[PDB]
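Notes for the structure review
One-letter residues, chain by chain:
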Number of protein chains: 2
Amino acid sequence: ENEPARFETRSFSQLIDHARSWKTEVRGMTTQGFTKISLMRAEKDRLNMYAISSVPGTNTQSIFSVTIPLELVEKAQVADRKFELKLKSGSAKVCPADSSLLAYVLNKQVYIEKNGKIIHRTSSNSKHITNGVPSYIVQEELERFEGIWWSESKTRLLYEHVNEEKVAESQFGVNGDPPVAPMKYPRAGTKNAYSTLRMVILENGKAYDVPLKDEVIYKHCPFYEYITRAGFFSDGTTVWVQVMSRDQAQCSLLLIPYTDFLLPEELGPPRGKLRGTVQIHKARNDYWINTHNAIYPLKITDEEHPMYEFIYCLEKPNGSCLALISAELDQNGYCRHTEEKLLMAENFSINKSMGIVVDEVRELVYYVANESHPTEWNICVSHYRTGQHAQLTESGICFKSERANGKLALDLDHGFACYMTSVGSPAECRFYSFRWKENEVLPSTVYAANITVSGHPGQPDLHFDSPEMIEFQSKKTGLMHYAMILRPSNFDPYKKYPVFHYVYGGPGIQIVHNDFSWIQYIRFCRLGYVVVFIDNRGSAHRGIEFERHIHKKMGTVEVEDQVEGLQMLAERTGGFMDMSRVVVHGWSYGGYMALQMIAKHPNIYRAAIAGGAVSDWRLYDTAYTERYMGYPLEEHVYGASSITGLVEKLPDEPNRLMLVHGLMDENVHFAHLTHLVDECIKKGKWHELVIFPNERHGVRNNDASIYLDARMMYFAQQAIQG
Amino acid sequence: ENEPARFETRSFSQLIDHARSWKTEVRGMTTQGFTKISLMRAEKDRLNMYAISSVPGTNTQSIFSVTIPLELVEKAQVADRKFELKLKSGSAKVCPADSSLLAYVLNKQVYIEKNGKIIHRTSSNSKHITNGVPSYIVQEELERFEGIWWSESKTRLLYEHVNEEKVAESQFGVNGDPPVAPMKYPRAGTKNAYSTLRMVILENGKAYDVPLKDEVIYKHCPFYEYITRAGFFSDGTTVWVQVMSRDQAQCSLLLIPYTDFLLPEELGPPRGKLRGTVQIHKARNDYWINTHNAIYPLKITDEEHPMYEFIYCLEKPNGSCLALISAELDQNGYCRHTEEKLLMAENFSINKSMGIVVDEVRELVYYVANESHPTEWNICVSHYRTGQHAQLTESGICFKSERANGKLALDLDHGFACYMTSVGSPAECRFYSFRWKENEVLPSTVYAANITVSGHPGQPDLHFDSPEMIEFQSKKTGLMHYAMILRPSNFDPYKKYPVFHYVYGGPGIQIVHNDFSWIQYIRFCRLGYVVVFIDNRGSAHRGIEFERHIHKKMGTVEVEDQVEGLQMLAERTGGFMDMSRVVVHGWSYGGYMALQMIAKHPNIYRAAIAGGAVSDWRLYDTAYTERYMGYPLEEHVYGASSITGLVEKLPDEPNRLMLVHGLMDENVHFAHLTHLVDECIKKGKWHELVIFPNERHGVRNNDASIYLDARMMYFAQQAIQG
């Protein structure tokens, strides 16, 4: 038994001041950092770190650098005092083969420039025909942010062609105002943009613009819908692409020679060579194959026997593994065999949003993976010829990526610089120095230095109740789950507090994580709330067996995991969580589930706040919806997972349901809200509605953000205080 | 002193059932009626009434008729038992001059048909160029619903030309959905559609399509913006138009001869004749001139001296009067003089939304006017040569018009059929029979019969507390005002009840009126509310002196009249109205004022419900906004009357402000709401928002209507019950 904690109520105007003061304070918990890290060897004996940061006193961006004192860093082979390095100030690529050549995308067209002069450009007769920029769905869901690639050895460029002409329109704006250009947005069951690759060949300043032959991909890939990845093979002689089926259940990697481009005539065991375009890997799942950036062509050892070898990723029931994938062709160019050599244990996943760094002098590949723990990223190295494996960072400390399709700032001989974070500590940038041994394959590392940007304030001394990181087993499935509790500012172990249950629950995202992202929720803990995060089946970085349970069953499985996880935490917490005062909140997919949970479990959740909620999957985009819901679109599958069928089950009482939505939200459209609101009207269900006419998917304006917080918080008080 | 009445609270679900049951009952207070009334003399000795009604058992429309037993009616010269007549079943015009000719507007183009065959049509190369249909602003604000006219004597047709190409666009739809054709909507300070008239001349089946010479109007009317009225003059020889300035402060009537049309060359005191187009009347106002349908050309008595004479309306400080307007031209065609002969006392207004019926055999004009009372319409007759005047309907009973630009179903010799209504009684259609006397000019009438449609249920026996119709004088202006109170279902004179104050307050509309339109508010009185209606300065049918006070001052004057009127009623009611529990509601302009009143008088109004509110006049249309706000648009005038400047004054506490709006509202655009919501977000002001994604200006869907009522009522309880 526990005593109900007093819950302190307050005025809306006081919630505004709370949210406003808080934003001033939350920014004081961090320092100016840098948005990119890279290392270069300017000289054989010097290593220089570069990063992008603001100029002190302003928000203007510039490139900063520091010299790494390698003679001194090399001596930090023990856990000695760490050195500080101070960094100082002072869409386009330069071809590695030629420093005078640049290529970039300007106004969604590809340009090639020499010494400041444009020598070649692509053109289109329509805004819906694009070059150098990935198709919207590809950039948005399949996470490719570039359409431009250079060969390393030679002055040749590869780029993407996009055709949006049959893509369905979406209007944005405010009713009664003048029309603006429509957005092109694919929907489930609708046609997507058409894609193909092209090349520009530069011969002594003479550009040629040559398309790929149209059936080169299709002929080998009968199910082809998307190009998910592309780039040059070694020595710049060949182009590979990774392609997928519409539902992303099938994936193939195919290697395309120069002769399979539509060149002008002026430019053109018994194992064989790359006779023509061929698949060098194929994979199929029962549910889906996820995209990743762990693709890297290896240099061929034998030109007579140009064994096809690359670093790739294979999905497994458990984890997502790096593998050395290799293949043999017949004399006639088709594959006779693939090997699928795993470089790691299946029990953990790689970070698919990260690229990899591959050595050739030594056969070492460096990558980010969940080696130590499901909630933590580590930097690891493996030898791709042996399968020998080691972890280069400490367990309990998480590697942080600042961007999708991120990179490690790794110097193959000396070490690397990166951000590391943990649940009890803000991200910090540190340098790990390599140590090499005789008669050994893998390096070891030592933490030798920190990097800070000069001219800025140092790190604040922060004081808080560290989040309780909890692992527990499901009582229904036997699966391990992770959850986290953020403690209220003034905590009494023998009192119970109102529950704020934050959910996302959708695929591709992990909420419970070993980082410092939980800081933003201190604002609720200062109001006497317990904030609980739980992951679930369908959640990212566990493996397909864990994710697959939501296949054609969205809103049916992950909602139960959230409910059971909450109840188990209530037992483990010693009963300081009050189950009679529970409010559930989420955004995007989380808004969808906040609706699902109150509709299905009105006796657990007193109220729900659903922001950016997806009411109908048929109104959402193609690549996301169909990999989970299947294809061809099935009316009864999509109907079962919609909110439409749950409107009847929504609470009859007022102040139990709140809907929050942007008017300009291009991700989850306002149409989803209007559908939900219209159903509520028909069914006689009460709802509170908050709209932000000038906001997108999230709320970015500082005052709009304050307002939103004040209303979520005010609403929550009324929901519980009864 | 008075005892607070218990206020009975209830659940949202109970408010839904109340509103739902009510709609079933409110329809039971009425019967099937008919949407048009007309009389014809099929034979010299027979008068036949025709009307449009549904076929019993269904909603299918058809034409019904009854023969009037004239001899029986003629003998009903006393207040005898009245007779019932039972009516039985069984965009285009037929030319009065020729029964074989028809003309109509189809798909917004003008067609002329003979014996079922099209002989002539207009055409356009764009959807924005229209013929036969009044321009949107003209149809919407200046109340003209037709662009097609026939000559009475001859086979000639007149029609309107509309050019919308420079009119600003307005997008409607749901964000994320495909674009639909933009609406053309003028805004204050923006360009309107261009208009001109054209003719089709039919000579033995040979059509000619002839434009008006472009400067015919402009040359005589330098301020010309709109054509507000048009039609043929007597004998079909000439065309007159009524035109206005952009701010509608100036108005002219000009008479245009056949020779001022471009024509094919084959067709084209010392007082004179219609030498050419000339103004025959001009009027100017310091504020504005209102439009009306009281224009009628009179037959000229002397062809040698074709005195220009017509029935017209002159605005006065008090009232809107019929006048016989006449003019003389010089020999050279320009006016030397106008007479302005008033046919009525200035103390009352004509019904400007009604047309008039004019006799020539006797110089009698029949019209609807506020002869007996400011809240009541009467049918009146006057002799246009003498000014002799009489009232043909009983005082205390109001004439009802079923439509804008309505007509009297008047037979000049026998009498008329019309709907009459009163505050204590549902509209009924009755026949008034004329009585003529020797050596007398005006007819008298007797109420002889009622007309009902056969096959339908008779009138219900209704029981209610009749509305208290109140007149009182302002303590600040000395002006007379009218107000009405609807009593709560179970009324205790010594108890006080919560106040529901309904407002419109805008120009062109009268809320307090002697009719049965108050029935819809019984639904609030059954919940224990007192419903109070008050008119104000700026309100319709009093005269320009009464209306002009809101000139360039919208939201500044009419709000005070509503506040003072409420307080005076509280005194006159004996204190049964509770001033500590006041909720104000209105729609459209009323929504605007509901915001104005709480922002300005938070100590009187506990809460406001603003539906369809206009937050910014610059977002509203040209013809309406500029006649009140002036032209050229002034930033500080429009700023002063906007809600933007009042957002700061809106209540800080929650549940005090509610905003209701349609998403597809083409009258008051959603942009008005998004502007208001955005300001609230910036200022930190709480609001409740209800949106109807599939509704227009009002809410028409039966379930959407039930839902809206339930939320307005639920909200009101929470606002007062504290």
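Residues numbered from 1 in each chain as written, not as in the entry; some residues may be left out. Chains lettered and ligands numbered in written order. Heavy atoms only, no water.

A few points about the overall build of chain A
Our working rule: A helix here means a DSSP run of H or I that spans at least four residues, while a strand means a run of E at least two residues long, and both kinds are numbered starting from the N terminus. Each radius of gyration reported is based on C-alpha atoms, and the globular scaling rule is 2.2 Å times the count of residues to the power 0.38. With a 1.4 Å probe rolled over the protein chains alone, any residue whose accessible area is under 20% of its type maximum counts as buried; one over 50% counts as exposed, and the rest are partly exposed.
For chain A, the count of helices and strands is 12 helices and 42 strands. Relative to a compact globule of 722 residues, whose C-alpha radius of gyration would be 27 Å, chain A shows 27 Å and is just as compact. If you line up chain A on its principal axes, its C-alpha atoms span 80 × 60 × 50 Å. Scored against the burial criterion, the 722 residues of chain A give a buried share of 58%.

Topic: helix 7 (residues 558-572) of chain A
Residues and elements named next belong to chain A. To keep it simple, the criterion reads: A helix is expected to span 1.5 Å for every residue after the first. Here a residue-residue contact requires only that any non-hydrogen atoms of the pair lie within 4.5 Å.
In a regular helix each residue adds 1.5 Å, so 15 residues correspond to 21 Å; helix 7 covers 21 Å between its end C-alpha atoms and thus fits that length. Along helix 7, the positions that sit buried rather than exposed are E558, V559, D561, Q562, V563, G565, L566, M568, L569 and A570. Buried residues along helix 7 sit against strand 35 (468-473), strand 36 (480-486), strand 37 (495-503), strand 38 (530-534), strand 39 (577-587) and helix 8 (589-600).

Focus on helix 1 (residues 12-26) of chain B
All names here are of chain B. Worth spelling out the cut-off: To be clear, the arc concerns the directions from the helix axis to the C-beta atoms.
Along its 15 residues, helix 1 runs 21 Å from first to last C-alpha, staying within 8% of the 21 Å computed at 1.5 Å per residue. The complete set of buried residues in helix 1 reads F12, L15, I16, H18, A19, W22 and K23. Viewed end-on, helix 1 has its buried residues packed into an arc of 160°, placing them on one side of the element. Next to the buried residues of helix 1 lie helix 5 (522-525) and helix 12 (702-720).

A word on the relation of the copies chain B and chain A
This is how it is decided: Least squares on the C-alpha atoms is how the copies get superposed.
Placing chain B over chain A gives an RMSD of 0.1 Å and needs a rotation angle of 180°, together with 0.0 Å of translation along the axis. Here the transformation between the copies is reduced to the relation of a two-fold axis. In terms of C-alpha distance to the rotation axis, chain B has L689 of chain B as its closest residue, with the C-alpha 2.8 Å off the axis.

What to know about the pattern of salt bridges
We count it as follows: We define a salt bridge as a contact between a side-chain nitrogen of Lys or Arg and a carboxyl oxygen of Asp or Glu at a distance within 4 Å.
All told, the structure shown has 73 salt bridges over all chains when counted by the stated rule. As a salt-bridge pair, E304 of chain A and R271 of chain A come within 3.0 Å of each other at their nearest N and O atoms. Linking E304 of chain A in the loop between strand 21 (296-297) and strand 22 (308-315) with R271 of chain A in the loop between strand 19 (250-257) and strand 20 (278-284), this pair joins segments that are 33 residues apart in sequence. You can call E304 of chain A partly exposed: its relative accessible area is 47%. Across the pair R41 of chain B and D413 of chain B runs a salt bridge, and its minimum N-O distance is 3.5 Å.

Some words on the sheet that holds strand 26 (residues 357-358) of chain B
Residue and element names in this part refer to chain B. Applicable threshold: What makes two strands pair is DSSP finding at least two bridges between them.
Taken together, the four strands give an open sheet; going across it, the order is 26-27-28-29, and neighbouring strands pair in antiparallel fashion. At either margin of the open sheet sits one strand with a lone partner, and together these are strand 26 and strand 29 (389-391). Sheet topology places strand 27 (residues 364-369) next to strand 28 (residues 378-383); six bridges connect them, and they run antiparallel. When the sheet's bridge partners are listed, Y366 is paired in strand 28 with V381.

Thoughts on the interface of chain B and chain A
What counts here: We define buried area as the total accessible area lost by two parts upon association, computed with a 1.4 Å probe and summed across both. Here a polar contact is taken to be a pair of N or O atoms separated by no more than 3.5 Å, where protein atoms must pair a possible hydrogen donor with a possible acceptor and residues adjacent in sequence count only if both atoms sit in side chains.
With 42 residues of chain B at the contact, the number on the chain A side is 42 residues. Summed over both sides, the interface between chain B and chain A buries roughly 3,700 Å², with carbon and sulfur atoms accounting for 57% of that surface. Its largest share of buried area at the contact with chain A, chain B owes to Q171, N175 and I681 of chain B, together 19% of the area lost on that side. A salt bridge links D177 of chain B to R187 of chain A; the shortest N-O distance between them is 2.8 Å. Our count for the contact surface shared by chain B and chain A stands at 24 residue pairs in polar contact. Sorting the residues of the side of chain B that touches chain A by element identifies helix 1, strand 13 (169-170), helix 11 (670-683), strand 42 (688-692) and helix 12 of chain B as the ones contributing at least two each. Among the elements that make up the side of chain B that touches chain A, the one with the highest residue count is helix 11 of chain B (seven residues).

Side note on the domain arrangement of chain A
Residue and element names in this part refer to chain A. Inclusion rule: Start and end positions for the domains come from either an automated domain assignment or a database one.
Annotation of chain A at the domain level lists domain 1 (92-211) and domain 2 (489-670 + 690-714). Taking only C-alpha atoms, the centre of domain 1 and the centre of domain 2 are 36 Å apart. On the side of domain 2, 19 residues touch domain 1, which itself brings 17 residues to the contact. When domain 1 packs against domain 2, the two sides together hide about 1,400 Å² of surface, and 57% of this comes from carbon and sulfur.

Regarding the pairing of strand 18 (residues 238-245) of chain B
Residues and elements named next belong to chain B. Within strand 18, eight of the eight residues are buried, which leaves it mostly tucked inside the rest of the structure. Where strand 17 (residues 224-232) meets strand 18, seven bridges bridge the pair, whose relative direction is antiparallel. By the bridge assignment, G231 is partnered in strand 18 with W240. Hairpin connection between strand 17 and strand 18: a loop of five residues separates the two successive antiparallel strands, and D235 in this loop has a positive phi of roughly 65°. With seven bridges connecting them, strand 18 and strand 19 (residues 250-257) associate as antiparallel partners. Note that in strand 19 the partner of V239 across the bridge is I256. Where strand 18 folds back on strand 19, the antiparallel hairpin that results is connected by four residues, among which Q248 adopts a positive phi of roughly 60°.

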